[PDB]
There are 2 protein chains.
Amino acid sequence: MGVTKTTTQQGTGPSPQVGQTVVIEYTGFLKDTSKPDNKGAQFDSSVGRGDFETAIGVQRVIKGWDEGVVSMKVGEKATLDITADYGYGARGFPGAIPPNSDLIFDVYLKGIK
Amino acid sequence: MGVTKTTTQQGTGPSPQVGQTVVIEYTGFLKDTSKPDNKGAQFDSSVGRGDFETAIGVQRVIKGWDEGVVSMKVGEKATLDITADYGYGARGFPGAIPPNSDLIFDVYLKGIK
């Protein structure tokens, strides 16, 4: 239950494998179960900044992204519900994410380099 | 070498010990040796918002803050040069801190609880 994925658009391209570079568009929200779609405050997004690129499965992003994205296919849009332990944990990230925050991300997998 | 400190204003109050809670004002920059004082892009600051309060020395914040702040006295202003090992490490934070980034922080210790 560290990360749960909900598919909102099915993709049919290849699925990322460990070490490949993925290209994603994303928006992140603090989870709040009292709010519509459990989405609390938006804390980050690639929208208007440029698609985000990272090698996947090699701990260069949070564990929920490493595990969620390798389960996706290019073209897929999904929402990842990530527990604090699979996100930024007790530290959080100062200025953006409080300690012990569950997270919701909309993720669109646009490519594998 | 994990964190090195330049004191820019001496403090004369008490110094924190491991496990105490500290009150700090800070600004964080990506290290960029092509820029004055090695300060690249500013990614976060408590200036204009409010002070950051945390238990110190117990891995609630990056190692460079744990060691750097413990070395300070209340009233002290210092600049910390923090290696990636002592900062946010291999993940960083998407759109703000790349993986394996050295960091520069201005820190100002304003209280111990």
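Along each chain, numbering proceeds from 1 in written sequence order. Entry numbering may differ, and residues lacking coordinates are not shown. Each chain is given a letter, starting from A, and each ligand a number, starting from 1, according to the order in which they appear as written. Only hydrogens and water are set aside when side-chain values are computed; all heavy atoms of the structure are taken into account.

Looking up chain A in the PDB entry gives the name peptidylprolyl isomerase, with the organism given as Pyricularia oryzae. For this entry, the PDB record gives the title as "FK506-binding protein 1B". UniProt positions are given in the numbering used here, feature names are shortened, and annotations may be inferred rather than shown by experiment. For the record of chain A, the UniProt heading Sequence similarities (unreviewed entry) holds the text "Belongs to the FKBP-type PPIase family. FKBP1 subfamily." Per UniProt, chain A carries the Function (unreviewed entry) text "PPIases accelerate the folding of proteins. It catalyzes the cis-trans isomerization of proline imidic peptide bonds in oligopeptides."

Peer 1: How would you summarise the relation of the copies chain A and chain B if you had to cite specific residues and measurements?
Peer 2: Of the two same-sequence chains, chain A is brought onto chain B (RMSD 0.6 Å, axial shift 0.8 Å) by a rotation of 177 degrees. In short, the pair behaves as if placed about a two-fold rotation axis. For chain A, the smallest separation between a C-alpha atom and the rotation axis is recorded for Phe93 of chain A, amounting to 3.7 Å. Overlaid copies: least-squares superposition on C-alpha atoms.

Peer 1: With reference to specific residues and values, describe the nonpolar core.
Peer 2: Of all hydrophobic cores here, the largest spans 49 residues; its most connected members are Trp65 of chain A together with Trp65 of chain B. Runs of E in the DSSP output that reach at least two residues are strands. Runs of H or I that reach at least four are helices, and both are numbered from the N terminus. Those elements giving two or more residues to this core turn out to be β2 (21–31), α1 (63–69), β5 (77–82) and β6 (103–112) of chain A together with β2 (21–31), α1 (63–70), β5 (77–82) and β6 (103–112) of chain B. Only heavy atoms enter the contact rule, under which two residues are in contact if any of them lie within 4.5 Å. The residues contacting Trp65 of chain A, other than those within four sequence positions of it, are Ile24, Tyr26, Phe52, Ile56, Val70, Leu80, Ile82 and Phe105 of chain A together with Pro94 of chain B. We call a set of buried residues a nonpolar core when its members are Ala, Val, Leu, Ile, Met, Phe, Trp, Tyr or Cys and they connect through side-chain atoms within 4.5 Å of each other. With a 1.4 Å probe rolled over the protein chains alone, any residue whose accessible area is under 20% of its type maximum counts as buried; one over 50% counts as exposed, and the rest are partly exposed.

Peer 1: Explain the pairing of β6 of chain A residue by residue, including any values.
Peer 2: All names here are of chain A. Two strands are said to pair when DSSP picks up at least two bridges between them. Alignment of β2 against β6, held across nine bridges, turns out to be antiparallel. Within β6, the residue paired with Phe29 across the bridge is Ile104. In this sheet, β6 lies alongside β5 in antiparallel orientation, the contact comprising six bridges. Paired with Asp81 across the bridge in β6 is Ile104.

Peer 1: If you had to explain the interface of chain A and chain B to someone new, which residues and values would you point to?
Peer 2: Tallying the contact residues gives 18 residues for chain A and 19 residues for chain B. For the chain A and chain B pair, buried surface summed over both sides reaches about 1500 Å², with 62% attributable to carbon and sulfur atoms. Note: buried area is the sum, over both parts, of the accessible area (probe 1.4 Å) each one loses when the two are combined. In terms of surface lost to chain B, no three residues of chain A exceed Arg91, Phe93 and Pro94 of chain A, which account for 44% of the buried area on that side. Throughout this description, the term salt bridge denotes a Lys or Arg side-chain nitrogen within 4 Å of a carboxyl oxygen of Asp or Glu. If you look at where chain A meets chain B, you find zero salt bridges. Throughout this description, a polar contact denotes any pair of N or O atoms lying within 3.5 Å of each other; where both atoms belong to protein, one of them has to be capable of donating a hydrogen while the other can accept it, and for residues adjacent in sequence the pair is counted only when both atoms sit in side chains. Taken together, the links from chain A to chain B amount to zero residue pairs in polar contact.

Peer 1: Hey, could you go over α1 of chain B for me, with residue numbers and the actual values?
Peer 2: Regarding α1 of chain B, the residues found buried are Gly64, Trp65, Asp66, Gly68 and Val69 of chain B. For α1 of chain B, the secondary structure elements touched by its buried residues are β1 (3–9), β2, β4 (52–55), β5 and β6 of chain B.

Peer 1: Run through the environment of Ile62 of chain B, naming residues and quoting values.
Peer 2: Here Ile62 of chain B shows up in the loop between β4 and α1. Residues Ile62 of chain B and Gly87 of chain B lie 25 residues apart in sequence; the distance between their C-alpha atoms is 5.2 Å. Residues contacting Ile62 of chain B, with those up to four places away along its chain left out, are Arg91 of chain A together with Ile82, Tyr86, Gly87, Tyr88, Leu103 and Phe105 of chain B.

Peer 1: Before we move on, could you go through unusual backbone geometry and cite the residues and values that matter?
Peer 2: All names here are of chain A. Even without being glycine, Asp37 reaches a positive phi, approximately 60 degrees. Along the polypeptide, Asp37 turns up in the loop between β2 and β3 (39–45). In this structure, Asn38 takes a positive phi of about 60 degrees despite not being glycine. Along the chain, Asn38 falls in the loop between β2 and β3. The class for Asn38 is partly exposed, based on a relative accessible area of 27%.

Peer 1: Please provide a residue-by-residue account of the side chain of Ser45 of chain A, values included.
Peer 2: Residues and elements named next belong to chain A. Turning to its location among the elements, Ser45 is positioned in strand β3. A relative accessible area of 13% places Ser45 in the buried class. A polar side-chain atom of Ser45 sits 2.9 Å from a polar atom in the side chain of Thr27. Among the polar contacts made by the side chain of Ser45, one reaches the main-chain amide nitrogen of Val47 at a distance of 3.0 Å.

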